[PDB]
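Student: Here you go, this is query_0.txt (compact mmCIF, N, CA and C atoms).
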```txt
# COMPACT_ATOMS: atom_id res chain seq x y z
N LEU I 833 3.91 27.22 -7.76
CA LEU I 833 3.66 25.83 -7.41
C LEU I 833 2.46 25.27 -8.19
N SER I 834 1.48 26.09 -8.56
CA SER I 834 0.31 25.64 -9.32
C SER I 834 0.67 25.03 -10.68
N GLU I 835 1.82 25.38 -11.26
CA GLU I 835 2.32 24.79 -12.50
C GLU I 835 2.77 23.34 -12.30
N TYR I 836 3.22 23.02 -11.09
CA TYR I 836 3.61 21.70 -10.61
C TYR I 836 2.47 21.05 -9.81
N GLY I 837 1.27 21.64 -9.71
CA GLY I 837 0.17 21.16 -8.85
C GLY I 837 -0.11 19.66 -8.90
N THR I 838 0.13 19.01 -10.03
CA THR I 838 -0.02 17.56 -10.16
C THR I 838 0.98 16.82 -9.26
N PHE I 839 2.17 17.37 -9.02
CA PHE I 839 3.14 16.77 -8.09
C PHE I 839 2.55 16.77 -6.69
N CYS I 840 1.96 17.87 -6.21
CA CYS I 840 1.34 17.85 -4.90
C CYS I 840 0.13 16.92 -4.83
N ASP I 841 -0.67 16.84 -5.89
CA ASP I 841 -1.79 15.90 -5.92
C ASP I 841 -1.29 14.45 -5.84
N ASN I 842 -0.24 14.09 -6.58
CA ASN I 842 0.34 12.75 -6.51
C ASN I 842 0.95 12.48 -5.14
N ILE I 843 1.66 13.42 -4.53
CA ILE I 843 2.25 13.23 -3.20
C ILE I 843 1.15 13.00 -2.17
N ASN I 844 0.09 13.81 -2.19
CA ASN I 844 -1.03 13.64 -1.27
C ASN I 844 -1.73 12.31 -1.51
N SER I 845 -1.96 11.94 -2.77
CA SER I 845 -2.63 10.68 -3.11
C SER I 845 -1.82 9.47 -2.67
N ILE I 846 -0.50 9.47 -2.87
CA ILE I 846 0.36 8.36 -2.45
C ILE I 846 0.38 8.25 -0.93
N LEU I 847 0.50 9.36 -0.20
CA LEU I 847 0.47 9.28 1.26
C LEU I 847 -0.91 8.82 1.75
N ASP I 848 -1.99 9.25 1.12
CA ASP I 848 -3.33 8.81 1.50
C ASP I 848 -3.51 7.31 1.24
N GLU I 849 -3.02 6.78 0.12
CA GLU I 849 -3.11 5.34 -0.15
C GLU I 849 -2.24 4.54 0.81
N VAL I 850 -1.06 5.05 1.17
CA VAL I 850 -0.15 4.41 2.14
C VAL I 850 -0.84 4.34 3.50
N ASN I 851 -1.45 5.43 3.94
CA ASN I 851 -2.18 5.47 5.21
C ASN I 851 -3.40 4.55 5.15
N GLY I 852 -4.07 4.43 4.01
CA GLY I 852 -5.19 3.51 3.83
C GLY I 852 -4.72 2.06 3.97
N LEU I 853 -3.52 1.74 3.46
CA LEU I 853 -2.89 0.43 3.58
C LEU I 853 -2.59 0.14 5.06
N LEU I 854 -2.08 1.11 5.81
CA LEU I 854 -1.81 0.94 7.24
C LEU I 854 -3.11 0.71 8.01
N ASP I 855 -4.17 1.45 7.71
CA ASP I 855 -5.47 1.26 8.36
C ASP I 855 -6.07 -0.11 8.05
N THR I 856 -6.01 -0.53 6.79
CA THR I 856 -6.51 -1.85 6.36
C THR I 856 -5.71 -2.96 7.03
N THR I 857 -4.40 -2.79 7.16
CA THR I 857 -3.51 -3.75 7.82
C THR I 857 -3.85 -3.85 9.30
N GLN I 858 -4.08 -2.73 9.98
CA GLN I 858 -4.43 -2.74 11.40
C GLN I 858 -5.78 -3.43 11.62
N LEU I 859 -6.76 -3.21 10.76
CA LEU I 859 -8.06 -3.88 10.83
C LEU I 859 -7.88 -5.39 10.64
N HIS I 860 -7.03 -5.81 9.71
CA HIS I 860 -6.78 -7.23 9.47
C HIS I 860 -6.08 -7.89 10.66
N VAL I 861 -5.15 -7.19 11.31
CA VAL I 861 -4.48 -7.70 12.51
C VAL I 861 -5.49 -7.83 13.65
N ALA I 862 -6.34 -6.84 13.86
CA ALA I 862 -7.37 -6.89 14.89
C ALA I 862 -8.37 -8.02 14.62
N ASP I 863 -8.75 -8.23 13.36
CA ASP I 863 -9.64 -9.31 12.96
C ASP I 863 -8.98 -10.65 13.26
N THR I 864 -7.69 -10.78 12.98
CA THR I 864 -6.94 -12.01 13.26
C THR I 864 -6.93 -12.28 14.76
N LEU I 865 -6.73 -11.27 15.60
CA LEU I 865 -6.76 -11.42 17.06
C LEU I 865 -8.15 -11.81 17.56
N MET I 866 -9.21 -11.27 16.97
CA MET I 866 -10.60 -11.54 17.36
C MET I 866 -11.25 -12.74 16.70
N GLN I 867 -10.64 -13.35 15.70
CA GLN I 867 -11.27 -14.47 14.99
C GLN I 867 -11.44 -15.70 15.85
N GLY I 868 -12.68 -16.19 15.96
CA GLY I 868 -13.01 -17.39 16.71
C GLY I 868 -12.96 -17.23 18.22
N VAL I 869 -12.75 -16.03 18.77
CA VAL I 869 -12.70 -15.80 20.23
C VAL I 869 -14.10 -15.80 20.83
N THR I 870 -14.34 -16.67 21.81
CA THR I 870 -15.59 -16.74 22.58
C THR I 870 -15.29 -16.67 24.06
N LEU I 871 -15.97 -15.80 24.80
CA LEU I 871 -15.76 -15.56 26.23
C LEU I 871 -17.04 -15.83 27.02
N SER I 872 -16.90 -16.30 28.25
CA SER I 872 -18.01 -16.36 29.19
C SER I 872 -18.38 -14.97 29.69
N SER I 873 -19.68 -14.69 29.83
CA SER I 873 -20.22 -13.47 30.41
C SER I 873 -19.87 -13.39 31.90
N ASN I 874 -19.74 -14.55 32.55
CA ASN I 874 -19.40 -14.69 33.96
C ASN I 874 -17.91 -14.41 34.23
N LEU I 875 -17.08 -14.27 33.20
CA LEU I 875 -15.66 -13.99 33.36
C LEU I 875 -15.44 -12.57 33.87
N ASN I 876 -14.88 -12.45 35.07
CA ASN I 876 -14.54 -11.17 35.69
C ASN I 876 -13.08 -11.26 36.15
N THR I 877 -12.18 -10.61 35.42
CA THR I 877 -10.73 -10.68 35.65
C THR I 877 -10.28 -10.10 36.99
N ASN I 878 -11.14 -9.36 37.69
CA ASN I 878 -10.86 -8.87 39.04
C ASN I 878 -10.81 -10.04 40.05
N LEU I 879 -11.57 -11.12 39.81
CA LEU I 879 -11.61 -12.31 40.67
C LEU I 879 -10.92 -13.53 40.05
N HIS I 880 -10.88 -13.60 38.71
CA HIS I 880 -10.44 -14.75 37.91
C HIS I 880 -9.18 -14.44 37.08
N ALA R 1074 14.00 28.99 -26.91
CA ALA R 1074 13.07 27.87 -26.97
C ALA R 1074 13.73 26.67 -26.27
N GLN R 1075 15.06 26.56 -26.35
CA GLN R 1075 15.83 25.53 -25.67
C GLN R 1075 15.63 25.65 -24.16
N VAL R 1076 15.61 26.85 -23.59
CA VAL R 1076 15.41 27.04 -22.15
C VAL R 1076 14.02 26.57 -21.74
N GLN R 1077 12.99 26.94 -22.50
CA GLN R 1077 11.62 26.52 -22.21
C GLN R 1077 11.47 25.00 -22.35
N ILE R 1078 12.02 24.42 -23.40
CA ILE R 1078 11.95 22.98 -23.63
C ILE R 1078 12.74 22.23 -22.58
N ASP R 1079 13.86 22.75 -22.09
CA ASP R 1079 14.64 22.09 -21.03
C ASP R 1079 13.80 22.05 -19.74
N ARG R 1080 13.06 23.12 -19.41
CA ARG R 1080 12.18 23.12 -18.23
C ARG R 1080 11.13 22.03 -18.36
N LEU R 1081 10.51 21.87 -19.53
CA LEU R 1081 9.56 20.79 -19.78
C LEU R 1081 10.21 19.41 -19.72
N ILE R 1082 11.41 19.23 -20.29
CA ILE R 1082 12.14 17.97 -20.19
C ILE R 1082 12.42 17.63 -18.73
N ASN R 1083 12.86 18.57 -17.89
CA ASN R 1083 13.14 18.26 -16.49
C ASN R 1083 11.87 17.80 -15.77
N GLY R 1084 10.75 18.50 -15.98
CA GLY R 1084 9.47 18.16 -15.37
C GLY R 1084 8.98 16.79 -15.80
N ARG R 1085 9.00 16.50 -17.11
CA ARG R 1085 8.56 15.22 -17.66
C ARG R 1085 9.49 14.06 -17.29
N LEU R 1086 10.80 14.26 -17.24
CA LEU R 1086 11.71 13.24 -16.74
C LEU R 1086 11.55 12.99 -15.24
N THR R 1087 11.27 14.01 -14.43
CA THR R 1087 10.97 13.83 -13.01
C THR R 1087 9.68 13.03 -12.86
N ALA R 1088 8.66 13.32 -13.67
CA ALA R 1088 7.39 12.60 -13.68
C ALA R 1088 7.61 11.11 -13.94
N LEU R 1089 8.41 10.76 -14.95
CA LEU R 1089 8.74 9.37 -15.25
C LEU R 1089 9.50 8.70 -14.11
N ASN R 1090 10.46 9.38 -13.48
CA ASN R 1090 11.19 8.81 -12.34
C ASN R 1090 10.24 8.49 -11.18
N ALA R 1091 9.32 9.41 -10.87
CA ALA R 1091 8.34 9.21 -9.81
C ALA R 1091 7.42 8.04 -10.14
N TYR R 1092 6.93 7.95 -11.38
CA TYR R 1092 6.07 6.85 -11.80
C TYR R 1092 6.81 5.51 -11.74
N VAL R 1093 8.06 5.47 -12.18
CA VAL R 1093 8.89 4.26 -12.16
C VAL R 1093 9.11 3.78 -10.73
N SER R 1094 9.39 4.69 -9.80
CA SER R 1094 9.57 4.32 -8.40
C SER R 1094 8.29 3.72 -7.82
N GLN R 1095 7.13 4.32 -8.10
CA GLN R 1095 5.85 3.79 -7.65
C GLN R 1095 5.63 2.40 -8.24
N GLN R 1096 5.91 2.21 -9.53
CA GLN R 1096 5.71 0.93 -10.20
C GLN R 1096 6.60 -0.17 -9.61
N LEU R 1097 7.85 0.13 -9.26
CA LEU R 1097 8.74 -0.85 -8.63
C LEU R 1097 8.16 -1.31 -7.29
N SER R 1098 7.70 -0.38 -6.45
CA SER R 1098 7.09 -0.73 -5.17
C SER R 1098 5.83 -1.56 -5.37
N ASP R 1099 4.94 -1.16 -6.28
CA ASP R 1099 3.71 -1.91 -6.52
C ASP R 1099 3.98 -3.32 -7.03
N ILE R 1100 4.97 -3.52 -7.89
CA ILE R 1100 5.25 -4.87 -8.39
C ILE R 1100 5.82 -5.74 -7.28
N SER R 1101 6.56 -5.18 -6.32
CA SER R 1101 7.02 -5.95 -5.17
C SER R 1101 5.82 -6.48 -4.36
N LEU R 1102 4.79 -5.65 -4.17
CA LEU R 1102 3.56 -6.04 -3.48
C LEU R 1102 2.83 -7.14 -4.26
N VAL R 1103 2.80 -7.04 -5.59
CA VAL R 1103 2.17 -8.05 -6.45
C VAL R 1103 2.93 -9.37 -6.36
N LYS R 1104 4.26 -9.35 -6.33
CA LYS R 1104 5.06 -10.58 -6.18
C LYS R 1104 4.79 -11.24 -4.83
N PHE R 1105 4.68 -10.46 -3.76
CA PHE R 1105 4.37 -11.00 -2.44
C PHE R 1105 2.98 -11.65 -2.49
N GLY R 1106 2.01 -10.98 -3.10
CA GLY R 1106 0.65 -11.50 -3.25
C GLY R 1106 0.59 -12.75 -4.13
N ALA R 1107 1.39 -12.83 -5.19
CA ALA R 1107 1.40 -14.00 -6.06
C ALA R 1107 2.02 -15.19 -5.34
N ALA R 1108 3.05 -14.98 -4.53
CA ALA R 1108 3.64 -16.05 -3.74
C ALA R 1108 2.59 -16.57 -2.74
N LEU R 1109 1.82 -15.69 -2.11
CA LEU R 1109 0.74 -16.09 -1.21
C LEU R 1109 -0.32 -16.88 -1.97
N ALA R 1110 -0.70 -16.48 -3.18
CA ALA R 1110 -1.69 -17.20 -3.98
C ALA R 1110 -1.18 -18.59 -4.34
N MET R 1111 0.09 -18.74 -4.71
CA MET R 1111 0.68 -20.04 -5.00
C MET R 1111 0.69 -20.90 -3.74
N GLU R 1112 1.03 -20.34 -2.59
CA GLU R 1112 1.00 -21.06 -1.32
C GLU R 1112 -0.42 -21.50 -0.99
N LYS R 1113 -1.44 -20.66 -1.22
CA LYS R 1113 -2.84 -21.03 -0.99
C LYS R 1113 -3.27 -22.11 -1.97
N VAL R 1114 -2.86 -22.08 -3.23
CA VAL R 1114 -3.17 -23.15 -4.19
C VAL R 1114 -2.62 -24.48 -3.68
N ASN R 1115 -1.34 -24.50 -3.32
CA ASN R 1115 -0.67 -25.69 -2.83
C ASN R 1115 -1.20 -26.22 -1.49
N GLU R 1116 -1.51 -25.35 -0.55
CA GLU R 1116 -1.91 -25.73 0.80
C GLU R 1116 -3.39 -25.62 1.16
N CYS R 1117 -4.26 -25.23 0.22
CA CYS R 1117 -5.70 -25.16 0.42
C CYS R 1117 -6.50 -25.82 -0.70
N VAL R 1118 -5.99 -25.84 -1.94
CA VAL R 1118 -6.71 -26.43 -3.08
C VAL R 1118 -6.22 -27.83 -3.39
N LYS R 1119 -4.92 -28.02 -3.63
CA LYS R 1119 -4.34 -29.34 -3.94
C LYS R 1119 -4.19 -30.24 -2.72
N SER R 1120 -4.20 -29.66 -1.54
CA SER R 1120 -4.09 -30.34 -0.26
C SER R 1120 -4.62 -29.43 0.83
N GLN R 1121 -4.79 -29.96 2.04
CA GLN R 1121 -5.32 -29.22 3.18
C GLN R 1121 -4.26 -29.24 4.28
```
Please express what this file holds, its structure, as structure tokens.
Tutor:
Amino acid sequence: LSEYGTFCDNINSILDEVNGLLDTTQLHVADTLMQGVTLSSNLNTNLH
Amino acid sequence: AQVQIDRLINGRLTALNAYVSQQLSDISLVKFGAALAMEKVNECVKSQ
């Protein structure tokens, strides 16, 4: 397998970049959900 | 020498197929990004 070792390096690198894209996408979705959100400190969902 | 060279041809042709597949996927992402940039030019720069 060491003669083909570049194939395993490319497979690992592509999966790592794909997972980095999923992490970056999840952060962007969370940022979109949190953008411009302002809450009262007095807000208690147990009563309200 | 034909047997040894055929092993190298298979490896190098597999390498090109893998690179070509990655390039097709990356250009699809670039086309999506370029459409977004054109939409941002039209809806944020030339108008609001």
Student: List every residue of chain I that has an atom at most 12 Å from any atom of chain R, and for each one report the closest atom pair and its distance in Å to one decimal, counting only C-alpha atoms, with rows sorted by chain and then by increasing residue number, as a tab-separated table.
Tutor:
```
residue	atom	partner	partner_atom	distance
I:835	CA	R:1084	CA	10.2
I:836	CA	R:1084	CA	8.3
I:837	CA	R:1084	CA	11.7
I:838	CA	R:1088	CA	9.6
I:839	CA	R:1088	CA	8.2
I:840	CA	R:1088	CA	11.9
I:842	CA	R:1091	CA	9.3
I:843	CA	R:1091	CA	9.8
I:845	CA	R:1095	CA	11.8
I:846	CA	R:1095	CA	8.8
I:847	CA	R:1095	CA	11.8
I:849	CA	R:1095	CA	11.8
I:850	CA	R:1099	CA	11.4
I:853	CA	R:1102	CA	11.5
```
Student: Please give the complete set of residues from chain I that DSSP, run on the backbone, assigns to alpha helix (DSSP H), formatted as an MDAnalysis selection string.
Tutor: chainID I and resid 837:866
Student: I need the chosen residues saved as an mmCIF file, in the frame of the given file, with N, CA and C atoms.
Tutor:
```
data_model
loop_
_atom_site.group_PDB
_atom_site.id
_atom_site.type_symbol
_atom_site.label_atom_id
_atom_site.label_comp_id
_atom_site.auth_asym_id
_atom_site.auth_seq_id
_atom_site.Cartn_x
_atom_site.Cartn_y
_atom_site.Cartn_z
ATOM 1 N N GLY I 837 1.270 21.640 -9.710
ATOM 2 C CA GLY I 837 0.170 21.160 -8.850
ATOM 3 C C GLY I 837 -0.110 19.660 -8.900
ATOM 4 N N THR I 838 0.130 19.010 -10.030
ATOM 5 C CA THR I 838 -0.020 17.560 -10.160
ATOM 6 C C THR I 838 0.980 16.820 -9.260
ATOM 7 N N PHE I 839 2.170 17.370 -9.020
ATOM 8 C CA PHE I 839 3.140 16.770 -8.090
ATOM 9 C C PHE I 839 2.550 16.770 -6.690
ATOM 10 N N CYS I 840 1.960 17.870 -6.210
ATOM 11 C CA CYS I 840 1.340 17.850 -4.900
ATOM 12 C C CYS I 840 0.130 16.920 -4.830
ATOM 13 N N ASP I 841 -0.670 16.840 -5.890
ATOM 14 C CA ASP I 841 -1.790 15.900 -5.920
ATOM 15 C C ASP I 841 -1.290 14.450 -5.840
ATOM 16 N N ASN I 842 -0.240 14.090 -6.580
ATOM 17 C CA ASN I 842 0.340 12.750 -6.510
ATOM 18 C C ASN I 842 0.950 12.480 -5.140
ATOM 19 N N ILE I 843 1.660 13.420 -4.530
ATOM 20 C CA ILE I 843 2.250 13.230 -3.200
ATOM 21 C C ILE I 843 1.150 13.000 -2.170
ATOM 22 N N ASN I 844 0.090 13.810 -2.190
ATOM 23 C CA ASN I 844 -1.030 13.640 -1.270
ATOM 24 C C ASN I 844 -1.730 12.310 -1.510
ATOM 25 N N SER I 845 -1.960 11.940 -2.770
ATOM 26 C CA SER I 845 -2.630 10.680 -3.110
ATOM 27 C C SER I 845 -1.820 9.470 -2.670
ATOM 28 N N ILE I 846 -0.500 9.470 -2.870
ATOM 29 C CA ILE I 846 0.360 8.360 -2.450
ATOM 30 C C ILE I 846 0.380 8.250 -0.930
ATOM 31 N N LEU I 847 0.500 9.360 -0.200
ATOM 32 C CA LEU I 847 0.470 9.280 1.260
ATOM 33 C C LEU I 847 -0.910 8.820 1.750
ATOM 34 N N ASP I 848 -1.990 9.250 1.120
ATOM 35 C CA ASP I 848 -3.330 8.810 1.500
ATOM 36 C C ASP I 848 -3.510 7.310 1.240
ATOM 37 N N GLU I 849 -3.020 6.780 0.120
ATOM 38 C CA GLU I 849 -3.110 5.340 -0.150
ATOM 39 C C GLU I 849 -2.240 4.540 0.810
ATOM 40 N N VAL I 850 -1.060 5.050 1.170
ATOM 41 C CA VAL I 850 -0.150 4.410 2.140
ATOM 42 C C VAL I 850 -0.840 4.340 3.500
ATOM 43 N N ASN I 851 -1.450 5.430 3.940
ATOM 44 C CA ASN I 851 -2.180 5.470 5.210
ATOM 45 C C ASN I 851 -3.400 4.550 5.150
ATOM 46 N N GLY I 852 -4.070 4.430 4.010
ATOM 47 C CA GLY I 852 -5.190 3.510 3.830
ATOM 48 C C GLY I 852 -4.720 2.060 3.970
ATOM 49 N N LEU I 853 -3.520 1.740 3.460
ATOM 50 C CA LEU I 853 -2.890 0.430 3.580
ATOM 51 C C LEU I 853 -2.590 0.140 5.060
ATOM 52 N N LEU I 854 -2.080 1.110 5.810
ATOM 53 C CA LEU I 854 -1.810 0.940 7.240
ATOM 54 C C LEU I 854 -3.110 0.710 8.010
ATOM 55 N N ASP I 855 -4.170 1.450 7.710
ATOM 56 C CA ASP I 855 -5.470 1.260 8.360
ATOM 57 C C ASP I 855 -6.070 -0.110 8.050
ATOM 58 N N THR I 856 -6.010 -0.530 6.790
ATOM 59 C CA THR I 856 -6.510 -1.850 6.360
ATOM 60 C C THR I 856 -5.710 -2.960 7.030
ATOM 61 N N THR I 857 -4.400 -2.790 7.160
ATOM 62 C CA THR I 857 -3.510 -3.750 7.820
ATOM 63 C C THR I 857 -3.850 -3.850 9.300
ATOM 64 N N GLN I 858 -4.080 -2.730 9.980
ATOM 65 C CA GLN I 858 -4.430 -2.740 11.400
ATOM 66 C C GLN I 858 -5.780 -3.430 11.620
ATOM 67 N N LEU I 859 -6.760 -3.210 10.760
ATOM 68 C CA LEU I 859 -8.060 -3.880 10.830
ATOM 69 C C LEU I 859 -7.880 -5.390 10.640
ATOM 70 N N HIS I 860 -7.030 -5.810 9.710
ATOM 71 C CA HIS I 860 -6.780 -7.230 9.470
ATOM 72 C C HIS I 860 -6.080 -7.890 10.660
ATOM 73 N N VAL I 861 -5.150 -7.190 11.310
ATOM 74 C CA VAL I 861 -4.480 -7.700 12.510
ATOM 75 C C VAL I 861 -5.490 -7.830 13.650
ATOM 76 N N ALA I 862 -6.340 -6.840 13.860
ATOM 77 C CA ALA I 862 -7.370 -6.890 14.890
ATOM 78 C C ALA I 862 -8.370 -8.020 14.620
ATOM 79 N N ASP I 863 -8.750 -8.230 13.360
ATOM 80 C CA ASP I 863 -9.640 -9.310 12.960
ATOM 81 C C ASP I 863 -8.980 -10.650 13.260
ATOM 82 N N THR I 864 -7.690 -10.780 12.980
ATOM 83 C CA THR I 864 -6.940 -12.010 13.260
ATOM 84 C C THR I 864 -6.930 -12.280 14.760
ATOM 85 N N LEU I 865 -6.730 -11.270 15.600
ATOM 86 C CA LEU I 865 -6.760 -11.420 17.060
ATOM 87 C C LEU I 865 -8.150 -11.810 17.560
ATOM 88 N N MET I 866 -9.210 -11.270 16.970
ATOM 89 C CA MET I 866 -10.600 -11.540 17.360
ATOM 90 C C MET I 866 -11.250 -12.740 16.700
#
```
Student: Provide the CA of residue 1101 (chain R) to atom C of residue 1086 (chain R) distance in Å, to one decimal place.
Tutor: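 One can read the CA of residue 1101 (chain R) to atom C of residue 1086 (chain R) distance as 21.9 Å.
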